[PDB]
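Some notes on the structure that comes next.
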Number of protein chains: 2
Amino acid sequence: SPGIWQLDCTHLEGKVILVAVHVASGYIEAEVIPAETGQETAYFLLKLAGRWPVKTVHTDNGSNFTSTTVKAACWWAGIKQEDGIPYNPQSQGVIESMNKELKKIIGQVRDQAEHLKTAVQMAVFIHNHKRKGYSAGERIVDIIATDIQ
Amino acid sequence: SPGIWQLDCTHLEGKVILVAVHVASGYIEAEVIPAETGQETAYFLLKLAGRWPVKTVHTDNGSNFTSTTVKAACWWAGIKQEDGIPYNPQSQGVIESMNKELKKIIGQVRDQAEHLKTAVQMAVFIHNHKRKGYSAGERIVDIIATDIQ
Ligand SMILES: NCCCC(=O)N[C@H]1Cc2ccccc2[C@H]1Cc1ccc2c(c1C(=O)O)OC[C@H](CCC(=O)O)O2
Ligand SMILES: NCCCC(=O)N[C@H]1Cc2ccccc2[C@H]1Cc1ccc2c(c1C(=O)O)OC[C@H](CCC(=O)O)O2
């Protein structure tokens, strides 16, 4: 459970935003990419797994599940690749709502950043620091620390 | 102390590797960039600070310390910018040894990755997971968790 992440791909300004969500905490990392290819997803997962202990990833769609480059990255990083089928249906809505929320933050920072990629990183910052009272950043650290001990 | 990071810029294959080191743990994040400009450094710091609680950054050189874009990023993210002058002289050697180490890992993975950027991320992974017995990844989580509670 502390090692479970969910991939989520959303769109804005004819551009692609790739998000990884730490399921137990709501903590995220995100990137703007030209298009959602196997290669982009594979590279994104390698980066994520070098930064946090990623044990299982619920992939966002079947093309990434199938991709040989994604499978190579998951093998390299010791990640168990699983589907992202919301057997628990409330998953779809939670993801959808987060995409709403992130797009809203992006809109709020648009006067400050010239480029979408910058606004996305500002949105990651705001999301992970937001007190909901604990923040996502605080929850992921405690969950993983408790897991180690 | 749990919030202190050190910037470190090193070179390989006529390309630039930008590293941020969590001083108390040895945990790192890194990126390949075309050149070390204010803009690249500013963007790198924004990303880092959305992902971990960055309170103070010891900048790697005077150009980044001075850069108005770096200052804007640090202001935005709530980061105290400080010099990286090794008042403790043993800092230079510790950084230098890590750069050795990272370049060595990059060489060991060079058959597996077509592109330097991929090899750098593999090196980040290996460094943060390496048991020294605790790993850098384990130390940063415990340090920050202890700081919160
Ligand atoms: N050519 C056959 C290679 C065999 C093959 O599949 N290798 C695996 C091995 C391996 C091991 C770990 C992670 C990925 C990979 C794959 C490598 C790879 C994937 C995505 C990339 C890559 C490269 C690269 O090879 O460095 O380059 C950077 C690029 C940046 C984002 C973009 O631009 O998409 O994403
Ligand atoms: N519109 C007013 C001027 C904007 C301006 O400079 N303000 C500050 C405000 C602010 C607030 C937080 C972080 C950075 C910044 C600066 C923004 C910025 C910096 C680096 C960048 C940027 C942009 C951007 O502007 O989005 O673009 C992406 C690029 C990353 C790609 C790469 O180079 O790796 O690096």
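Just so we're on the same page: letters track the sequence lines, and every chain starts at 1. Scope of the values below: all heavy atoms of this structure, side chains included, with no hydrogens, waters or symmetry mates. Just so you know, ligand 1 is whichever comes first in the structure, and atom 1 is the first atom listed for that ligand.
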So which protein residues pack against ligand 1 under 4.0 Å, heavy atoms counted?
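These residues qualify: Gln39(A), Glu40(A), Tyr43(A), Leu46(A), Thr69(A), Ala73(A), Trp76(A), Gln112(B), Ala113(B), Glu114(B), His115(B), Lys117(B), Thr118(B), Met122(B).
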After noting the C-alpha distance and the side-chain angles of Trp76(B) and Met122(A), does the key distance pass the side chain to side chain contact (heavy atoms under 4.5 Å, CB included) rule?
CA-CA 9 Å; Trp76(B) 198 94; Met122(A) 289 175 170; 3.5 Å; yes
When you check the side-chain N and O atoms of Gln149(B) and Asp142(A), is any donor under 3.5 Å from an acceptor?
yes
Between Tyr27(B) and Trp5(B), what is the ring plane arrangement, given parallel below 30°, perpendicular above 60°, and tilted in between?
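Correct class here is perpendicular.
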Would you find more than 12 non-hydrogen atoms of other residues, nucleotides or ligands less than 6.0 Å from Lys55(A) atom NZ?
no
Does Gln90(A), at its CD atom, have more than 12 non-hydrogen atoms belonging to other residues, nucleotides or ligands within less than 6.0 Å?
no
For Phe65(B), does the six-membered ring have the charged nitrogen or CZ of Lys71(B) within the cation-pi criterion, i.e. under 6.0 angstrom from the centroid and within 45° of the normal?
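That pair qualifies as a cation-pi contact.
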